[PDB]
């Protein structure tokens, strides 16, 4: 992540990110809603950072330093460029909504009142179709990526040394290859929990309550479609094993 966004989301909550004199101006219900919206954006920033570790540190590092057989790097990191484009675009929209909401003279005091419309846009139309297509492909290739990683780590000296080198820094403690893959697979199922809690504190404006109710329904339809479109791929599985599913 870039320093400006890391500092804007360094605090454990929106109530600790804004100036205390600005916090004092809002009612408790507004503070509760803003704290959950801040968690959705903060966790989206971290999810985009996970995808940048996968594309820049791991994938690009393996292409530039190791002599792997063709198709091996794509097998370890399926769909990572498409996932990076989807979420960097979504994060850009969330951060622009926050930036427009800033008070003049401040880089930290804001209230986002209209998130629902942004979530409906993300989770409908062509962007929802692309999220469904990409996650159905990624999640169906998840077992295969983990197995290929385990094989290379145990049999290839140079691969093991590369992984130990780039994952040595303390800032990579939670972000080994297999950990990144599961953080990405689990991201999509965090959205309903976050949206439902924002909705619980968004009754003050009826149009906002209706828009977040619509967004929650669209996210659950996307998740149901991805879940029904998954079938784990296995290297070396024969056609007979497949058509006898």
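Residue numbers count along the first chain shown, from 1. Whichever C-alpha set is largest while still superposing within 1.5 Å between the two forms counts as the rigid core.
- In 9 other deposited structures of this protein, superposed on the rigid core, the segment with the larger root-mean-square CA displacement between 96-104 and 70-78 is 70-78.
- Relative to the displayed structure, the C-alphas of 60-68 lie farther away on average in 9 other deposited structures of this protein than those of the other candidate, with 179-187 and 60-68 compared after rigid core superposition.
- Annotation for 225-233 versus 18-26: the higher mean temperature factor (C-alpha) is found in 18-26.
- As listed in the deposited structure, the average C-alpha B-factor of 136-144 and of 152-160 is greater for 152-160.
- Among 181, 219, 62, 198, the highest C-alpha B-factor recorded in the PDB entry belongs to 62.
- Sort the chain's modelled residues by C-alpha temperature factor and residue 131 lands in the middle third, per the entry.
- Among all modelled residues in this chain, the alpha-carbon of residue 67 has a temperature factor (C-alpha) in the highest third.
- Ranked against the other modelled residues of its chain, the C-alpha B-factor of residue 171 as given in the entry falls in the highest third.
- Residue 84: CA B factor in the middle third of modelled residues in this chain (values from the PDB entry).
- Placement of the Cα temperature factor of residue 3 within the chain: middle third of the modelled residues, per the deposited record.
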